[PDB]
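Q: Residue numbers (the deposited numbering), protein chains in the order written: chain 16, 2 to 54; chain 1G, 2 to 182; chain 1Q, 1 to 141; chain 1S, 3 to 112; chain 10, 8 to 84; chain 14, 1 to 69. Ideal Cβ placement from N, Cα and C applies to all residues, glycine included.
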RNA sequence: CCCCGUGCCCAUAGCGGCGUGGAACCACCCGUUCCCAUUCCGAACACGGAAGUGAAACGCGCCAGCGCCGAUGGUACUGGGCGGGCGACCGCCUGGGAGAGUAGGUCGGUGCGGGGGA
RNA sequence: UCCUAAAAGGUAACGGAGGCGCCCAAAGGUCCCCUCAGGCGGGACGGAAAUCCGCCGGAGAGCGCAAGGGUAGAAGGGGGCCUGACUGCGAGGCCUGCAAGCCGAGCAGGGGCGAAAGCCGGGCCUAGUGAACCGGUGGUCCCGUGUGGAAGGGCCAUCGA
RNA sequence: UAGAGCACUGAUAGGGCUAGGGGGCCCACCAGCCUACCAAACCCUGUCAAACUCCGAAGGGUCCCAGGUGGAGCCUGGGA
Ligand SMILES: NC(=[NH2+])NCCC[C@H](N)C(=O)O
Ligand SMILES: [Mg+2]
Ligand SMILES: [Mg+2]
Ligand SMILES: [Mg+2]
Ligand SMILES: [Mg+2]
Ligand SMILES: [Mg+2]
Ligand SMILES: [Mg+2]
Ligand SMILES: [Mg+2]
Ligand SMILES: [Mg+2]
Ligand SMILES: [Mg+2]
Ligand SMILES: [Mg+2]
Ligand SMILES: [Mg+2]
Ligand SMILES: [Mg+2]
Ligand SMILES: [Mg+2]
Ligand SMILES: [Mg+2]
Ligand SMILES: [Mg+2]
Ligand SMILES: [Mg+2]
Ligand SMILES: [Mg+2]
Ligand SMILES: [Mg+2]
Ligand SMILES: [Mg+2]
Ligand SMILES: [Mg+2]
Ligand SMILES: [Mg+2]
Ligand SMILES: [Mg+2]
Ligand SMILES: [Mg+2]
Ligand SMILES: [Mg+2]
Ligand SMILES: [Mg+2]
Ligand SMILES: [Mg+2]
Ligand SMILES: [Mg+2]
Ligand SMILES: [Mg+2]
Ligand SMILES: [Mg+2]
Ligand SMILES: [Mg+2]
Ligand SMILES: [Mg+2]
Ligand SMILES: [Mg+2]
Ligand SMILES: [Mg+2]
Ligand SMILES: [Mg+2]
Ligand SMILES: [Mg+2]
Ligand SMILES: [Mg+2]
Ligand SMILES: [Mg+2]
Ligand SMILES: [Mg+2]
Ligand SMILES: [Mg+2]
Ligand SMILES: [Mg+2]
Ligand SMILES: [Mg+2]
Ligand SMILES: [Mg+2]
Ligand SMILES: [Mg+2]
Ligand SMILES: [Mg+2]
Ligand SMILES: [Mg+2]
Ligand SMILES: [Mg+2]
Ligand SMILES: [Mg+2]
Ligand SMILES: [Mg+2]
Ligand SMILES: [Mg+2]
Ligand SMILES: [Mg+2]
Ligand SMILES: [Mg+2]
Ligand SMILES: [Mg+2]
Ligand SMILES: [Mg+2]
Ligand SMILES: [Mg+2]
Ligand SMILES: [Mg+2]
Ligand SMILES: [Mg+2]
Ligand SMILES: [Mg+2]
Ligand SMILES: [Mg+2]
Ligand SMILES: [Mg+2]
Ligand SMILES: [Mg+2]
Ligand SMILES: [Mg+2]
Ligand SMILES: [Mg+2]
Ligand SMILES: [Mg+2]
Ligand SMILES: [Mg+2]
Ligand SMILES: [Mg+2]
Ligand SMILES: [Mg+2]
Ligand SMILES: [Mg+2]
Ligand SMILES: [Mg+2]
Ligand SMILES: [Mg+2]
Ligand SMILES: [Mg+2]
Ligand SMILES: [Mg+2]
Ligand SMILES: [Mg+2]
Ligand SMILES: [Mg+2]
Ligand SMILES: [Mg+2]
Ligand SMILES: [Mg+2]
Ligand SMILES: [Mg+2]
Ligand SMILES: [Mg+2]
Ligand SMILES: [Mg+2]
Ligand SMILES: [Mg+2]
Ligand SMILES: [Mg+2]
Ligand SMILES: [Mg+2]
Ligand SMILES: [Mg+2]
Ligand SMILES: [Mg+2]
Ligand SMILES: [Mg+2]
Ligand SMILES: [Mg+2]
Ligand SMILES: [Mg+2]
Ligand SMILES: [Mg+2]
Ligand SMILES: [Mg+2]
Ligand SMILES: [Mg+2]
Ligand SMILES: [Mg+2]
Ligand SMILES: [Mg+2]
Ligand SMILES: [Mg+2]
Ligand SMILES: [Mg+2]
Ligand SMILES: [Mg+2]
Ligand SMILES: [Mg+2]
Ligand SMILES: [Mg+2]
Ligand SMILES: [Mg+2]
Ligand SMILES: [Mg+2]
Ligand SMILES: [Mg+2]
Ligand SMILES: [Mg+2]
Ligand SMILES: [Zn+2]
Ligand SMILES: [Zn+2]
C-alpha cells in the first residue's frame, strides 16, 4: 500500500453496509470499483461499490 | 473451386514436364505449391500515425484477403520499439486465392517493376522455397496512383513441397517465374 | 603474470590440502616433467620465477608447459589491525598443488638442458620436487 | 518433441485421471469412431463400443449417437453408472458430442 | 573498515515429514518443499505452497517414476 | 472465411496496353495496365526497346582508315 | 501373426540412415452446403464424403555413426578401533565401498480391449 | 535467498554474496486454444538485433521484481465468460520456549466457469512488515446508575506505526 | 557431504579450426594477397570451484517388528 495504491471498502448497494476491505490503484483504475460480493445481511449476492475507507 | 489459368497451367503443362524431367515414382512426390505468405515489414507506423489501415486496405485489395497484425516479441532501444507494438502485416494465401494472386503477380506486377531485369535466381531457401521483395505497392494493378499516400514495399515467401532448390526452380520457372540468370 | 581474467566470487575460503593429486599426475605434453612431492599453495610469483628461470637457462629453444594455474585468491588483512571487521583484501593468487602433480613439462631440448632447467626451476619452489621423464606408463593414460 | 495434438491429449487426460473416476475414452478416425471405458487403477478396459464392430451406416453423427447408446446399454449391464468423458484431443462438439449425448441417453452418469 | 555482509534469513525447516510406510491420518502434512520436488499421488493433495498432505487415513508410500518425477501416495488402511 | 472483413473477389478483366486481355479474379472487375508479361522487353525474347547497339565502342570508330602505312 | 485404441517400465525405448506395408485399419485425400473455425488463411479445428496415394505422417524390420546403458578387477573416500609428525599432514586394523575408465550391451519390453488373419 | 552447515532438522562470528518495507482490477477465478530461447538458410526500405518463411532445436527462454527451488504432459503466450481477492466454520498437521507464522480436506449459505468430470476461500513458491494501550469511521441495537430517553461504553467491520 | 566429474554456471594452459580487429604488401576504382599478432564461438589434449554437479558413498535421520528391567522411559504436580 502506498499513496497511489489505496485501501478501500466495498458497500452492498442494497443495505449500505460495508462488508469487504481491499485495495486498488487509483491511477490505474480511476473509477469506483463495482463487483458482485456475497452480502450476509442480505444473505445473497449483491453488487458492492467502492467506498472511501 | 474456381477455374483459373495458372492452376490449369500447372495441372496441365507443369506436372508432366516435371515428372519427365525428374522421374518421380508417385503422384504426390511431384512438387506442388503449398502456400504464399505476404508480409509488409512496416515498422514505420510504430508511433507517428500508427493508423496503418491504409496499408492493410491495400493488402486486402491486392490479395482479396484481410491481413493480420504482427507485434514485437521484445522491446528494442535503438529501433524505438516497445514490446507488443504493432509493427507489421502478414497475410497467408493458399489454394485458389494463392493461384489468383500468383497469376496477377506474374502477368502484371513483375512486368510493371521499375528497371525490372528478372527475379534473383539465388533467392532460394535451400529447402526448396523462394522469397523476394518489393519496393512499392503501385506495382500491383489493383493499386492506382491516386488512392496511395506513401510508398511501402513488402516481402513475398512462396513455400513449395519440393525438397531441393533444383526441383523448386523447375516448378517455379515452368509456372512462369522470370529469372534474371 | 598468471591470474584469472574474471571470477564469479572475489574471495574464497581456505579449504584443506589432504590427499594426493586429483589429476595431472602423468606427463602428457613434453619430454620431461617436474612433479610435486608435498602439498602447498604455490603463488603466481613462484610459478613466474620458475618459468623465467627455465627460459633463461634455455636462452633460446625448447618449449615449456605450465600445468598449474593460480585461481585461488589469497587474502590478507592490513598490517597492525585487530581481528574482525570483515575479511581481508586479496593480495595475490595461488595454485593448489598436491603431492604428485606435474607442474611443468619441457619438450624439444637436450636431456642435460631439461634436467638442469628443471632443477633451477624447482629451486624457486616452496616444496620438494622430483624430475621425471615420459614413460610408457604416461603414454598409457 | 511433442505435437499440439499430443500436448492437448495429455492436458485434458491428466485432468480427467485426477478425478479418480472411470474414463469413457473416445477415439475418432476419418471413417469410424471408437469408445472404451477404462479403469486406470488396473490398466484394464471394461466395456468397448465402436462403429467398426457394430457395422453402422453413413452419417458419422447419428452413427456416433448410436454407438453411444450401445456403449451405455452394455455398460449398465456390468453395474457401471458414473463415468468421466475422455474427449481426448477432440473438442466436445459434433461427432464426439453426439457420442456423449447418446451415452447419457442410455443412462450413463456424466 | 566495515562490512556490508552479515545478514541471512531464518531457516525454513523444509522437507519430508512422513517417510514411506508411516501410518498417517487425514490431513497430516507429508512433504514441505519449494516447487514440486515430490508430486502428489493417490489420496494426496497439494496446497498453495506445494505442500503435500494426506487426503485420507492410510500409509505413506513413495514411487520414483523416472522422468515423470517422484510421487507420494497414501494406501488406505 | 470470416464474413464481412474481406473484399469480395469477382471475375475480372485485366486489359494491357499491347492489346492483351487477362481473364482472372479481383476486387475491381476491370483494370487497365500499361504493361504485361506478354509485352515486357525482358519477356518477349530480347526485345531491347531502343538500345540494341553493340556498345558500340571502341574499335567501332573507323573514321577512318586513311593514316599512312 | 498384423493393425487400431489405452496403460505400465522411463532413453537397452532416442537421433540418423536404408528397406517395407494399404485387402483391413490408420493417415493423407475430395469438398466447405450444413455445425464449428482462423488476432488473415478449411494450415489448424470442424462437418459431409470415399476418386486416388502410401509421396508425408504412422506402423513394422535391418545398421552401432551419434546418443543412452554398463560389468569384473583395482583405486579414492569412509562409520568404528589404533598409531606417527612441531606442523601442512601421513600410516595400520576391521566393516562398507565409489566416480572416471575397460570389457561389453542397446535401433525396446510388456499389460488390457477391440478389428482382421490361421 | 544462497553459501559457510560436516548428504534428516537445526547450528555462530564485525564470516562470503545479494535483496525486501512494493506491485497486479488482471498480474485474480474458470473454460478453450497455443509453445520458447537460440543456430543456419531465404526475404523491399531493415541494420548484430523490428516483422516474414523454411529447417535444426527438452528447454539453455519465459514465469513483475534478489536468490534458490520448481516448471512446456505449464506455473509460460492468447481469448471467452466472470469476482471464490466469498460469508458461517473447520477434521488433521507443519513449526515452535511463549506469542506467533504456515498448509489445510470437508460440511452449509449464496455464487462463477464448464456439455461434464470438476475446479475456485486471490497471485509458481519462499520477503513486500508491527503485539497491546489510546482513539477515529461504518454497522449492530447488547448495557443505559430511581423510571422513559439521552450521554458514554460494549460487540462486528476497518482506520491512525 | 567425503571422493570424483566437466553435462550446467564460471575459470583455465597448449593445440587445431576459425567471425573479428592489429600489422605488412597492394589499393580508393572496391575489392584482393601474406600473418612466428591479440583473439569470440566450436573441437582436441590437460586442468580448477564454499556459494558448479551428468555422478555420489561411508554415515546420518525417521517409521515398523524384535532383543533390551535400566538411579531406563511416559503423565501430573512441589522445589531448585
Ligand atoms: N576406515 C576408515 N574410516 N578410515 C579412515 C582413515 C582416516 C585415518 N586418520 C587415515 O589417515 O588414514
Ligand atoms: Mg477481506
Ligand atoms: Mg493431386
Ligand atoms: Mg540459394
Ligand atoms: Mg520446402
Ligand atoms: Mg497499379
Ligand atoms: Mg579458514
Ligand atoms: Mg602463501
Ligand atoms: Mg588467507
Ligand atoms: Mg584474511
Ligand atoms: Mg590498533
Ligand atoms: Mg601473495
Ligand atoms: Mg624447492
Ligand atoms: Mg583422464
Ligand atoms: Mg555498510
Ligand atoms: Mg542493505
Ligand atoms: Mg538484518
Ligand atoms: Mg542464522
Ligand atoms: Mg536461522
Ligand atoms: Mg538459510
Ligand atoms: Mg526431507
Ligand atoms: Mg491450493
Ligand atoms: Mg499459489
Ligand atoms: Mg517400492
Ligand atoms: Mg499406492
Ligand atoms: Mg459462420
Ligand atoms: Mg497402439
Ligand atoms: Mg513403399
Ligand atoms: Mg486403401
Ligand atoms: Mg491399392
Ligand atoms: Mg470424395
Ligand atoms: Mg458457408
Ligand atoms: Mg445442407
Ligand atoms: Mg481441408
Ligand atoms: Mg484433421
Ligand atoms: Mg512412407
Ligand atoms: Mg497423427
Ligand atoms: Mg517408415
Ligand atoms: Mg546389435
Ligand atoms: Mg544412470
Ligand atoms: Mg562407468
Ligand atoms: Mg567395484
Ligand atoms: Mg577415524
Ligand atoms: Mg590413508
Ligand atoms: Mg579398509
Ligand atoms: Mg572389505
Ligand atoms: Mg563404476
Ligand atoms: Mg538404440
Ligand atoms: Mg530411427
Ligand atoms: Mg498393468
Ligand atoms: Mg485378438
Ligand atoms: Mg544449512
Ligand atoms: Mg546447506
Ligand atoms: Mg542441512
Ligand atoms: Mg523438525
Ligand atoms: Mg483478459
Ligand atoms: Mg503473476
Ligand atoms: Mg527463431
Ligand atoms: Mg538490406
Ligand atoms: Mg535482418
Ligand atoms: Mg529458466
Ligand atoms: Mg489466462
Ligand atoms: Mg483469463
Ligand atoms: Mg453470465
Ligand atoms: Mg488446530
Ligand atoms: Mg504454538
Ligand atoms: Mg503475516
Ligand atoms: Mg458450495
Ligand atoms: Mg454453490
Ligand atoms: Mg456450485
Ligand atoms: Mg451451466
Ligand atoms: Mg457443482
Ligand atoms: Mg477448499
Ligand atoms: Mg507476490
Ligand atoms: Mg496466473
Ligand atoms: Mg517488522
Ligand atoms: Mg502503555
Ligand atoms: Mg507501553
Ligand atoms: Mg475504543
Ligand atoms: Mg436497551
Ligand atoms: Mg430500555
Ligand atoms: Mg435511568
Ligand atoms: Mg416520553
Ligand atoms: Mg432515543
Ligand atoms: Mg448508543
Ligand atoms: Mg456505539
Ligand atoms: Mg498511534
Ligand atoms: Mg571435493
Ligand atoms: Mg565445466
Ligand atoms: Mg571430457
Ligand atoms: Mg557447496
Ligand atoms: Mg552412474
Ligand atoms: Mg543410506
Ligand atoms: Mg548432519
Ligand atoms: Mg542408521
Ligand atoms: Mg537416535
Ligand atoms: Mg521390543
Ligand atoms: Mg522402575
Ligand atoms: Mg535421569
Ligand atoms: Mg518437575
Ligand atoms: Mg523439595
Ligand atoms: Zn446487503
Ligand atoms: Zn502487354
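1. Of the residues that make up the stretch 85-105 of chain 1Q, which ones have a beta carbon closer than 7 Å to any beta carbon in chain 10?
2. Helix, strand or coil for residue 120 (chain 1G), going by three-state DSSP, please let me know.
3. How many Å lie between residue 13 (chain 1Q) and residue 70 (chain 1Q) at the Cα?
4. For chain 1Q, is any of its Cβ atoms less than 8 Å away from the one on residue 43 (chain 10)?
5. Might you give, ordered along the chain, the residues of its own chain that have their beta carbon closer than 6 Å to the beta carbon of residue 18 (chain 10), omitting 5 neighbours on each side?
6. Determine whether the Cβ of residue 9 (chain 10) lies closer than 8 Å to any Cβ atom of chain 1Q.
7. Could you give the first and the last residue of the continuous alpha helix (DSSP H) run that contains residue 67 (chain 1G)?
8. Decide yes or no for the touch test of the stretch 53-72 of chain 1Q against the stretch 120-137 of chain 1Q: beta carbon pairs closer than 8 Å, at least 3 of them.
9. Cα separation between residue 166 (chain 1G) and residue 131 (chain 1G)?
10. Just the chain 1G side, please: which residues come within less than 7 Å of residue 42 (chain 14) by C-beta, in chain order?
11. If I follow the unbroken beta strand (DSSP E) through residue 52 (chain 10), where does it start and stop?
12. Is there a Cβ from chain 14 that is less than 8 Å from the Cβ of residue 142 (chain 1G)?
13. In angstroms with no decimal places, state the Cα-to-Cα distance between residue 42 (chain 1Q) and residue 25 (chain 1Q).
14. Rank 182 (chain 1G), 168 (chain 1G), 179 (chain 1G) and 181 (chain 1G) by C-alpha distance to the C-alpha of residue 34 (chain 1G) and give the top, closest one.
15. Between residue 107 (chain 1S) and residue 61 (chain 1S), what straight-line distance do the alpha-carbon atoms span, to the nearest angstrom?
16. Comparing the CB of residue 32 (chain 14) with every heavy atom of ligand 37, is any distance shorter than 7 Å?
17. Identify the contact partners of residue 104 (chain 1G) in chain 14, using a Cβ-Cβ distance below 7 Å as the criterion.
18. How many angstroms separate the CA atom of residue 27 (chain 10) from the CA atom of residue 6 (chain 16)?
19. Where does the unbroken alpha helix (DSSP H) through residue 58 (chain 1Q) begin, and where does it stop?
20. Is residue 77 (chain 1S) near ligand 5, judged by its Cβ being under 7 Å from some heavy atom?
21. Hey, would you say the C-beta of residue 83 (chain 1G) is under 7 Å away from at least one heavy atom of ligand 22?
22. Output, in sequence order along the chain, the residues in the stretch 58-85 of chain 1G whose CB is closer than 8 Å to any CB in chain 14.
23. Rounding to the nearest angstrom, what Cα-Cα distance links residue 140 (chain 1G) and residue 31 (chain 1S) in this structure?
24. Measuring from each Cβ to the nearest heavy atom of ligand 10, keep the ones under 7 Å and list them in chain order.
25. Indicate whether residue 36 (chain 1Q) and residue 129 (chain 1Q) have their beta-carbon atoms separated by less than 8 Å.
26. Checking the sheet assignment: what are the DSSP bridge partners for residue 155 (chain 1G)?
27. Looking at the structure shown, is residue 42 (chain 14) part of a helix, part of a strand, or coil, going by DSSP?
28. Classify residue 113 (chain 1Q) as helix, strand or coil using the three-state DSSP reduction.
29. In the DSSP assignment, find the unbroken beta strand (DSSP E) run with residue 91 (chain 1G) in it and report its ends.
30. Hey, is the stretch 58-73 of chain 1G in contact with the stretch 90-102 of chain 1G, meaning 3+ C-beta pairs nearer than 8 Å?
31. So what's residue 41 (chain 1Q) in DSSP terms, helix, strand or just coil?
32. What does DSSP give as the partner residue(s) for residue 27 (chain 1S) in the beta ladder?
33. Flag residue 69 (chain 14) as yes if its beta-carbon sits less than 8 Å from any beta-carbon of chain 1G, otherwise no.
34. Strictly by DSSP, which residues pair up with residue 35 (chain 1G)?
A: The answer reads as follows:
1. 85 and 86
2. strand
3. 15 Å
4. no
5. none
6. yes
7. Where residue 67 (chain 1G) is concerned, there is no enclosing alpha helix (DSSP H), given that its DSSP letter is neither H nor E.
8. yes
9. 9 Å
10. 117, 118, 119 and 179
11. 51-53
12. yes
13. 17 Å
14. 168 (chain 1G)
15. 19 Å
16. no
17. 24
18. 48 Å
19. 44-58
20. no
21. no
22. 61, 62, 65, 66 and 67
23. 47 Å
24. 75 (chain 1Q), 76 (chain 1Q), 77 (chain 1Q), 87 (chain 1Q) and 88 (chain 1Q)
25. yes
26. 135 (chain 1G)
27. coil
28. helix
29. 87-94
30. yes
31. strand
32. 38 (chain 1S) and 88 (chain 1S)
33. no
34. Answer by DSSP bridge pairing: none, since residue 35 (chain 1G) is not bridged.
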